[PDB]
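Here's the structure, in structure tokens; my notes come after.
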Amino acid sequence: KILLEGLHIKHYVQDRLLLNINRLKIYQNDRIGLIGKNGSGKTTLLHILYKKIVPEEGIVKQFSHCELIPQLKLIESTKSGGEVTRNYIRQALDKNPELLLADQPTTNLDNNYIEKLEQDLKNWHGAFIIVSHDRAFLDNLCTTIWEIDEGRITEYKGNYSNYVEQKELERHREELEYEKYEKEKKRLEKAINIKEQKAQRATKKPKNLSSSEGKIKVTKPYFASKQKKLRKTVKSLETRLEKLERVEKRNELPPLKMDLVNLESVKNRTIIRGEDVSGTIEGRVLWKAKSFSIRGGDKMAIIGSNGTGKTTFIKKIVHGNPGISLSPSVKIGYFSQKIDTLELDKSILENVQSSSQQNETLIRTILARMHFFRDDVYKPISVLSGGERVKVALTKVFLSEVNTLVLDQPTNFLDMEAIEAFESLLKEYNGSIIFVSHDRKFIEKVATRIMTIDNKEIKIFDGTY
Amino acid sequence: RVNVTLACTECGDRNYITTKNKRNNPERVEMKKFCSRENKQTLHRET
RNA sequence: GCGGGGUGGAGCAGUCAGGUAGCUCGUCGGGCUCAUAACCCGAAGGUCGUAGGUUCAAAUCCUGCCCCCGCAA
RNA sequence: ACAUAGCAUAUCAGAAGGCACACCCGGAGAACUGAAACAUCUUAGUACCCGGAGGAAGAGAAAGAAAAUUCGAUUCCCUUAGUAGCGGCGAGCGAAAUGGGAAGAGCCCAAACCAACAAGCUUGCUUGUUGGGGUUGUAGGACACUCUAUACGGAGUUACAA
RNA sequence: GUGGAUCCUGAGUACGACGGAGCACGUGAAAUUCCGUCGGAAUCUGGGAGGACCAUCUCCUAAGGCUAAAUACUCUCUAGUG
RNA sequence: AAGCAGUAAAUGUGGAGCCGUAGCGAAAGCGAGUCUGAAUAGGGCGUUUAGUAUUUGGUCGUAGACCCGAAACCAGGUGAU
RNA sequence: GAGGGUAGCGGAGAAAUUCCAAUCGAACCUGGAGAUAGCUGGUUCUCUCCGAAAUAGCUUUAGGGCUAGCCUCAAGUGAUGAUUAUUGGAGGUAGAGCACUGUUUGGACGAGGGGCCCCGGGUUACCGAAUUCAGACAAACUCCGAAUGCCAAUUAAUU
RNA sequence: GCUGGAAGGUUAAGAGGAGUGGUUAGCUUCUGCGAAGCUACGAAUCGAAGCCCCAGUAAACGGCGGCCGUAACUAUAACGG
RNA sequence: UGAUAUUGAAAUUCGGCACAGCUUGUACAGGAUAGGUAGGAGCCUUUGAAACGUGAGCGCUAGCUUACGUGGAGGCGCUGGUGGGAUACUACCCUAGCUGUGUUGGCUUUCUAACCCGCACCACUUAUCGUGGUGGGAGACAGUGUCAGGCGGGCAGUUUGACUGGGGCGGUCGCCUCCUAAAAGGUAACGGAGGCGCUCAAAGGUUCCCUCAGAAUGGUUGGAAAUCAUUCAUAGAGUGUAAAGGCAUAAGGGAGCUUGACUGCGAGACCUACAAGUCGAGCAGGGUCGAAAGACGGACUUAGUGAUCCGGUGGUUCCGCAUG
RNA sequence: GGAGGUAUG
Ligand SMILES: Nc1ncnc2c1ncn2[C@@H]1O[C@H](COP(=O)(O)OP(=O)(O)OP(=O)(O)O)[C@@H](O)[C@H]1O
Ligand SMILES: Nc1ncnc2c1ncn2[C@@H]1O[C@H](COP(=O)(O)OP(=O)(O)OP(=O)(O)O)[C@@H](O)[C@H]1O
Ligand SMILES: [K+]
Ligand SMILES: [K+]
Ligand SMILES: [K+]
Ligand SMILES: [Mg+2]
Ligand SMILES: [Mg+2]
Ligand SMILES: [Mg+2]
Ligand SMILES: [Mg+2]
Ligand SMILES: [Mg+2]
Ligand SMILES: [Mg+2]
Ligand SMILES: [Mg+2]
Ligand SMILES: [Mg+2]
Ligand SMILES: [Mg+2]
Ligand SMILES: [Mg+2]
Ligand SMILES: [Mg+2]
Ligand SMILES: [Mg+2]
Ligand SMILES: [Mg+2]
Ligand SMILES: [Mg+2]
Ligand SMILES: [Mg+2]
Ligand SMILES: [Mg+2]
Ligand SMILES: [Zn+2]
């Protein structure tokens, strides 16, 4: 079967072309891993295919019906992240879609429910498109891969490893062909120059030619025709040079580079302390009353399954002093598991500068390192993609005057090439950080005081393994 | 900055062409213009 | 007259596509050593030739000027 | 190994080959040129080569033109008309029907079926040759039925037998 | 001449796909018609055509042969002409 | 016109056909007015009559097209004395 | 030396673009064929009337062409043409001038810097400038502005 | 360039036949729906060599560097970057 | 190089479809291996519960599966709790594998009978041709035909600008504005200087209001140059963007409302070889603003473009090869 | 207990 078609779709999103798509087709028994950097067009495209978002230009026709488990879900913090996402997955696979459209289904999950989900989707016989950035997840799940580069949807039979391999060889092939072109052009231009020198020599008299030979004046046309011959040859070479197949570099974006403006670190004997924090809401012991203490320079981590209470632990840190003992030195930078920014505040600039006191050029430069360009920092914050909302939250919380960072689910929507910058920044941060994350392999670099919540009790050790 | 075809929101007839910044006026732009069939000045969106 | 260039002391990236100036050797102080070299630890040293504009942001784009290299003359 | 090439002997107004620097049918088939260059296109299915036949050739008695009160083989002249169309919609190529005239002519086979003979010798009735019969669209014929009539007639060696 | 019980009325044929040509008609919406390859019908309640294709209505009855005339030319013979 | 008769004649015959008498509009179509157009407005093109047949001359087109004059291209053949 | 073989979209070549019947950047003959020639040359008797052009625009166009412009013939309109007188008008030239734009001389002050001496103060000096007196430059300066030429006229005359 | 390798990718004819569309026997409630049949298009998927790719080959094609500093005269620089 | 005829017979093997059977189903938490739905409070039990043992399948190494022998009465569930979802039990089904019956092809070889042997021998025959015959080899490949892809100066047909102080290089080719340009207009050169291939949903339309730059002086972060206050100042500012011509009775700068950056046209004019380009009152329709008069078919003006053929998209009281 | 081979100054 077919299940869907899309024809001559153009989605400009602003002046910039986001998507130029032809003969989009996703048939029965089809399992597609869609990928691209932040801001590439993934969530937008899937919304178009689910018909929720009609484009500026083009046709879509779905033959079998669909279900779109959403991202940036608009639903209030009555439950935990992860639990919400579990609920939406369950909705989808209850509804019997025959095409499942997933934009980041692995958000705020635990590895265990992830394992159930990959098992469900291997046992699954329908179709799907899926967006994760989880390498092993896709390597298990998918059969086809799509790449959004600049609206151009490149298709790739196999596994995310095959994507890496194919794109590697294509990058390499392209660079080599470019070097070949440059080298050839260089050579022919040099030839042109030499041949022109000779052509200019052709007409000028020699040296030490006396009276009778100099007064000779009949041979001017002979030499002029010889000069025309050599210059005709330069014309031939220039023609060849034009007939060369021009070939470009890719305008490759500069890499991600995050910053922390300064921590004048003091490293004193203790930053946080607390004792017997009764962890509950009502009728539920989320965790036992326990103490804790955090010291100068600690890359504290948290590891817990769903519905444990990591988020609430961090909320107890950030507000209230029940069994807590803080100091006036620590100035928390709170990055939430939710947005924390102002949606329709009329600029990233404003929403950031609210909490920081620094120069416009430094802040727009940091945003430019995050790849928010000159005309993009006035974009609203609601319009944005998830990963770039996350980046802007992080920047606001960096340029906040802080020394301890408190990060509930970072690295969540971000891409594989900003999570590495983030990995390295946190590795190299002279100060304290506290955070949640389900990625032990991210944590391998980072953690120095690993925690673990489980079974309504707590444990805390030091170092990785 | 790009070409633009308008169209009436009660018959569907284009009736006008113009131009706009796709940056500064990004949305599906709409203005009231005469429509030669209804013989009334009618709201015409873009298509 | 035409065409390329001028980024700490030397040689090279970065300019095409504007987003916090980088690499090797060197220089300075301290170490090791019987002393010097190597080696180990730190630190300086760059109005990106200059003067104007555009930009929130200039080595980067535009202008003008002073040199350097070839060709010529 | 039967017999099959092959080989030997007799008979043919049997063929060949020439041409009228013409006419016709078929094979195979250019380029200069023009397009203000050129490659599709044109030149041109032209010229040259080749085969064959005739005094004429070819085509030809609708699996057709058409669209009214329809016409009744073909071919050829006129006119339709440089129209309709074909066309790098460029250069340019370019009809036909209708309608008016010359001339006018229509016939035979295959199949069904009958009969004789031969192979199977079903000894049942399948196959083949011969002779009969029969040939078309407002469907026809075999098959059965009724009238005739055995050259009275009718037609012929330009088709319809020679 | 009547009758309509059954039998017969042209097969690797028509047609189609591909490639080509020829039809005034350059593949074009390309009907009609030949060739090569491959595949492959129907059977008178049939088959074909009326410029893609379908239906209706009308006209014929493919895949088998013969057929003068009117038309073309002139080596040549005769009689003549400008 | 062809064709028929006629002395290779004129001439007779033949009215298929052709131009014209009505245009406008892409066309359906309407009609001295039509097309545009909402319009009876305005405008375009037309009306408010003479064309036709043969022919002299001139010019143009198609045919070698005022004469001569290439280097060259193609096809078929002749040449190793 | 003989007898012979290889044939032109070819053959032979101890290789030179060399030979293939006194010429080979692809033989000779015939035909297509009167190839094509925007190129040169030539184009035959007389008289009469009128009588140019060598310019614009476009042109794979520049020594070719098409259209206009200038010519001739015919039919028609019918004084609409020419010249001058007068009136009016548009326009910024030669000249002249410095009222702006830029250039420039010599002065009077200076606006305050700079080199140098000891916070301030000096200087046989640049003077960036500002102002002012006098004299000067201009195709792309003009407060001004001719003669001519032009466009017309309910005008007159000559043609 | 040639030689070998052959994983993977891209890649035709043909095989395959999802889906769209035309007609219409019947239904219709307003003029819409529309079986089969015949038709015009026709996707996914399969689908060789080649190409991308890996290696080798130079009596194969072919190619063979700059700038700066430096030693008992100064020049040069065995030497260094 | 591949498909397809020539072009056959056998089989292993691998796959896809159907049907039958053996079954098989572990995220974390939870009593532990929780497949889907429904029914579900009883199911099993001397026709043998638990427990002991082997054998054996699966397996995530937890454990379930079941052929059995000893054994002889409990074992399991709703409830409980957990968890997204409840366990017994049963009806039907699904995943995954295996097995089987049948289809369905494919690769793979095997064979011989087509086809092939410039293999041998025999005869025609005296013959190195050929034909036939026999025997060996190869074999449904090759070779041949049609269709398709790739390579392919081996070969052919052709293209491969113009201007221009000779040609050539260099430069230019179209459009806009100044000067040359000789006071109308027009006017050339490889004469001199510069720009264009856009931009603006307001920088348009309209109605209201406002008038600049620069200097002196006073004043914090000091050329007091930022911003302010006054006086002077008629244009030296600004006019999106080149220059010129113009605008301060604003064409410049702000504010409010809007979409005339409308439809159908268009007398008469400019320029003009043509094709095109420009201006355009005014009429009608239907309107924004303004109290009204009235302004408004873009922008202070002049550049900001590209013929036809062709194809694409939309609409239509247009044809539609007999009729529809 | 002894013999033989097996970085600068
Ligand atoms: N309405 C809008 N206007 C302007 N920019 C927009 C608009 N909507 C989206 N964008 C920008 O275009 C891109 C939108 O793509 P999309 O939301 O699909 O991203 P994504 O692939 O889902 O990203 P991520 O991995 O961050 O979730 C982002 O760059 C976003 O900033
Ligand atoms: N208002 C509330 N009412 C009831 N329960 C709540 C409320 N807020 C939170 N909870 C529950 O408290 C627990 C909080 O979970 P929390 O978000 O802290 O966990 P976590 O470690 O971040 O896990 P994850 O994000 O992966 O779900 C969850 O059980 C959540 O359902
Ligand atoms: K055809
Ligand atoms: K017919
Ligand atoms: K000779
Ligand atoms: Mg997303
Ligand atoms: Mg949470
Ligand atoms: Mg030509
Ligand atoms: Mg055929
Ligand atoms: Mg000779
Ligand atoms: Mg000829
Ligand atoms: Mg005279
Ligand atoms: Mg003067
Ligand atoms: Mg002057
Ligand atoms: Mg060649
Ligand atoms: Mg030619
Ligand atoms: Mg020239
Ligand atoms: Mg010259
Ligand atoms: Mg000269
Ligand atoms: Mg003038
Ligand atoms: Mg019809
Ligand atoms: Zn409307």
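Every chain in the structure tokens takes a letter, A first, then B, and so on in the order presented; its residues are numbered from 1, and the ligands are numbered from 1 following the presented order.
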
Who sits within 12 Å of range 236-247 of chain A, only C-alpha atoms (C1' of nucleotides), same chain under 2 positions skipped, as a PyMOL selection string: (chain A and resi 173-196+229-234+249-250) or (chain I and resi 160)

Mind listing the residues within 12 Å of ligand 15, only C-alpha atoms (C1' of nucleotides) and all ligand atoms counted, as a PyMOL selection string? chain I and resi 153-159

Produce a file of the selected residues containing N, CA, C and O atoms (P, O5', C5', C4', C3', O3' and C1' of nucleotides), as a PDB file, in the first residue's frame.
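The resulting file, part-v5.pdb, is shown below:
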ATOM      1  P     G I 153      36.750   8.159 -27.217  1.00  0.00           P
ATOM      2  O5'   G I 153      36.824   8.875 -28.631  1.00  0.00           O
ATOM      3  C5'   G I 153      37.934   9.681 -28.985  1.00  0.00           C
ATOM      4  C4'   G I 153      38.252   9.577 -30.444  1.00  0.00           C
ATOM      5  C3'   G I 153      39.544  10.252 -30.857  1.00  0.00           C
ATOM      6  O3'   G I 153      40.175   9.518 -31.894  1.00  0.00           O
ATOM      7  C1'   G I 153      37.714  11.286 -31.944  1.00  0.00           C
ATOM      8  P     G I 154      41.044   8.228 -31.525  1.00  0.00           P
ATOM      9  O5'   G I 154      40.336   7.084 -32.351  1.00  0.00           O
ATOM     10  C5'   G I 154      41.082   6.004 -32.865  1.00  0.00           C
ATOM     11  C4'   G I 154      40.278   5.177 -33.824  1.00  0.00           C
ATOM     12  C3'   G I 154      39.512   5.943 -34.877  1.00  0.00           C
ATOM     13  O3'   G I 154      40.317   6.312 -35.978  1.00  0.00           O
ATOM     14  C1'   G I 154      38.103   4.337 -33.892  1.00  0.00           C
ATOM     15  P     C I 155      40.048   7.705 -36.724  1.00  0.00           P
ATOM     16  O5'   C I 155      38.534   7.599 -37.185  1.00  0.00           O
ATOM     17  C5'   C I 155      38.174   6.807 -38.299  1.00  0.00           C
ATOM     18  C4'   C I 155      36.752   7.046 -38.711  1.00  0.00           C
ATOM     19  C3'   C I 155      36.358   8.487 -38.940  1.00  0.00           C
ATOM     20  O3'   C I 155      36.795   9.013 -40.175  1.00  0.00           O
ATOM     21  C1'   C I 155      34.695   7.419 -37.673  1.00  0.00           C
ATOM     22  P     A I 156      36.926  10.602 -40.350  1.00  0.00           P
ATOM     23  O5'   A I 156      35.421  11.087 -40.388  1.00  0.00           O
ATOM     24  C5'   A I 156      34.609  10.664 -41.453  1.00  0.00           C
ATOM     25  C4'   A I 156      33.142  10.893 -41.199  1.00  0.00           C
ATOM     26  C3'   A I 156      32.690  12.331 -41.120  1.00  0.00           C
ATOM     27  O3'   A I 156      32.638  12.972 -42.380  1.00  0.00           O
ATOM     28  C1'   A I 156      31.647  11.092 -39.418  1.00  0.00           C
ATOM     29  P     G I 157      32.924  14.544 -42.484  1.00  0.00           P
ATOM     30  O5'   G I 157      31.577  15.168 -41.963  1.00  0.00           O
ATOM     31  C5'   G I 157      30.378  14.823 -42.612  1.00  0.00           C
ATOM     32  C4'   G I 157      29.184  15.399 -41.908  1.00  0.00           C
ATOM     33  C3'   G I 157      29.234  16.897 -41.678  1.00  0.00           C
ATOM     34  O3'   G I 157      28.765  17.611 -42.805  1.00  0.00           O
ATOM     35  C1'   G I 157      28.646  15.793 -39.665  1.00  0.00           C
ATOM     36  P     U I 158      29.130  19.156 -42.993  1.00  0.00           P
ATOM     37  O5'   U I 158      28.585  19.794 -41.654  1.00  0.00           O
ATOM     38  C5'   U I 158      29.178  20.949 -41.108  1.00  0.00           C
ATOM     39  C4'   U I 158      28.653  21.221 -39.733  1.00  0.00           C
ATOM     40  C3'   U I 158      29.271  22.379 -38.989  1.00  0.00           C
ATOM     41  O3'   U I 158      28.806  23.647 -39.417  1.00  0.00           O
ATOM     42  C1'   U I 158      29.105  20.524 -37.556  1.00  0.00           C
ATOM     43  P     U I 159      29.798  24.909 -39.439  1.00  0.00           P
ATOM     44  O5'   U I 159      29.786  25.402 -37.941  1.00  0.00           O
ATOM     45  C5'   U I 159      28.544  25.633 -37.324  1.00  0.00           C
ATOM     46  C4'   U I 159      28.656  25.877 -35.847  1.00  0.00           C
ATOM     47  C3'   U I 159      29.632  26.943 -35.402  1.00  0.00           C
ATOM     48  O3'   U I 159      29.082  28.244 -35.460  1.00  0.00           O
ATOM     49  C1'   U I 159      29.899  24.993 -34.085  1.00  0.00           C
TER      50        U I 159
END

Within 10 Å of ligand 12, counting only C-alpha atoms (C1' of nucleotides) and all ligand atoms: which residues, as a count of residues only? 3

What does the list of residues within 8 Å of ligand 3 look like if you count only C-alpha atoms (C1' of nucleotides) and all ligand atoms, written as a VMD selection string? chain E and resid 23 25 27 30 to 31

Okay, now the selection with C-alpha atoms (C1' of nucleotides), as a PDB file, in the first residue's frame?
ATOM      1  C1'   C E  23      -0.081   7.899 -43.912  1.00  0.00           C
ATOM      2  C1'   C E  25       0.311  14.422 -40.671  1.00  0.00           C
ATOM      3  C1'   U E  27       4.974  10.861 -31.216  1.00  0.00           C
ATOM      4  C1'   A E  30      -2.466  10.431 -33.019  1.00  0.00           C
ATOM      5  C1'   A E  31      -6.830   7.737 -35.123  1.00  0.00           C
TER       6        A E  31
END

Output the neighbourhood of ligand 9 as a VMD selection string, that is, all protein and nucleic acid residues with some atom at most 10 Å from the ligand, counting only C-alpha atoms (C1' of nucleotides) and all ligand atoms. chain E and resid 15 to 16 34 to 38

Include C-alpha atoms (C1' of nucleotides) and write out the residues we just selected as a PDB file, in the first residue's frame.
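After the write, again.pdb holds the following:
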ATOM      1  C1'   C E  15      -4.834  -6.510 -31.657  1.00  0.00           C
ATOM      2  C1'   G E  16      -1.280  -4.974 -27.979  1.00  0.00           C
ATOM      3  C1'   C E  34       3.141  -1.851 -43.172  1.00  0.00           C
ATOM      4  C1'   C E  35       7.864  -4.110 -41.134  1.00  0.00           C
ATOM      5  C1'   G E  36      11.182  -6.700 -37.028  1.00  0.00           C
ATOM      6  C1'   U E  37      10.825  -9.011 -31.943  1.00  0.00           C
ATOM      7  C1'   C E  38       7.746 -10.923 -28.094  1.00  0.00           C
TER       8        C E  38
END
